[PDB]
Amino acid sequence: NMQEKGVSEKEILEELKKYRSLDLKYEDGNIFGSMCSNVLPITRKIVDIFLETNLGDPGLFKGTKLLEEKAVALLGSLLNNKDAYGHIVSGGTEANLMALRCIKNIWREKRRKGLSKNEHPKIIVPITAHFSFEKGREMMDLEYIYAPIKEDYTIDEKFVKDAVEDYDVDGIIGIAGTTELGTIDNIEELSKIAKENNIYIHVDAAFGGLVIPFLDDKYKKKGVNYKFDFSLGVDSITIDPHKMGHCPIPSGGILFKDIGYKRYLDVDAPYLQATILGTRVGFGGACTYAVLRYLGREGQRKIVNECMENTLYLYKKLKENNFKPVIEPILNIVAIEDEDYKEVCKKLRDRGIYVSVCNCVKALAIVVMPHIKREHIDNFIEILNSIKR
């Protein structure tokens, strides 16, 4: 209940710390199923410096707004596009929703001209798509053509091509690093289909965008295509600094091929900004720029390939103990086949091991973020073996 009298700073901080003590902490070897991790320590100072900024009012924070533009330019350069137009937004969800808004407004323009027989935008989406695409469908009344996945759990490119011939398609979604298994759709083929048919293509690289460009060749697999960025001519890319960019939440990224896409993000206010949010942090842009500058490609390569080394270690231990990984890992994600995954996950949770559950297959998914070290993997294998005894 709200009280008349205030309390002391010592009282309220001690209470909050008690609540914090009930949380898990990334560095304690409990969290195995999350795509967030410890932030780069430098970002704590940056959050402090930029706490009292608001990119919803950029005319008041000219320098913080410039840092957002510079963060976007660095991400754009990483993705092979020196002219990208974009924003440092609240996360991959808002990023994906903005792309969907752009796809919808391109369709709206067509409908206004009689150039579309679709009463709602028709968008081809793989069934591996993150839940944010369902939030967008539900809110924006989109019509999704769900694309099946092949045996390697990547989108069926022939289905997409056939569907594009069969229907009037307003967008195609490809995923560069799926949530459950870390697989990479064949963006190169999808972008060829999209370009040939003049269809908008969005790449969801929320997770993979800050991993794929840094992978050592020994982790790359023959036959797997790792191309996903603006070198393929795609229209937009979601990329999430607060996942494998080690930035504090909220630090999401949305990049469009060029500034011509901005007009399709406009909103008509008859009695009255491209982001969905209004008031919004300025420290995400500052952190995204600073972390990429501080690390350079070299520093991020080191972190990414350390994670991959621990990922292949876990893969190795899993097989050595007769567990069946769903696939040989593509990114720093491994999943364990198990018909009894629901209950094994709950048994793991009761022993202090928190994994996530897949949807496209009966399995436990582990995300080997930088906080997962070899000793945590050893401890995980012991606890799981025991659960199975």
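From 1 onward, residues are counted along the sequence shown.
Review point. In this entry, is the chain continuous from residue 272 to residue 273, or are deposited residues missing in between (none, 1 to 3, 4 to 9, 10 or more)?
Key: Some 4 to 9 residues are missing between them.
Exercise for review: Taking the mean of the C-alpha B-factors per stretch from the entry, tell me the winner out of 24-32 and 351-359.
Suggested key: In the deposited entry, the stretch with the higher C-alpha B-factor mean is 351-359.
Point to revise | Mean Cα B-factor comparison, 138-146 or 314-322, giving the higher one as deposited | key: That would be 314-322.
Point to revise | Top Cα B factor in the deposited entry, candidates 57, 337, 52, 68 | key: Each of 57, 337, 52, 68 was compared by C-alpha B-factor; the highest is 337.
Point to revise | Criterion, highest CA B-factor; candidates, 133, 226, 256, 214 | key: That would be 226.
**Study point:** Cα B factor band for residue 204 (lowest, middle or highest third within the chain)
**Key:** Lowest third of the chain for residue 204's C-alpha B-factor.
Review point. In terms of the CA temperature factor given in the entry, to which third of its chain does residue 283 belong: lowest, middle or highest?
Key: Lowest third, going by the recorded CA B-factors of the chain.
Exercise for review: Could you tell me which third, lowest, middle or highest, the C-alpha B-factor of residue 156 occupies within its chain?
Suggested key: According to the entry, residue 156 has a C-alpha B-factor in the chain's middle third.
Practice item. Taking the chain's C-alpha temperature factors as the reference, tell me which third residue 111 falls into: lowest, middle or highest. Key: It belongs to the middle third of the chain when residues are ordered by C-alpha B-factor.
Check your understanding: residue 117: which third of its chain by C-alpha temperature factor?
Key -> Its C-alpha B-factor belongs to the highest third of this chain's values.
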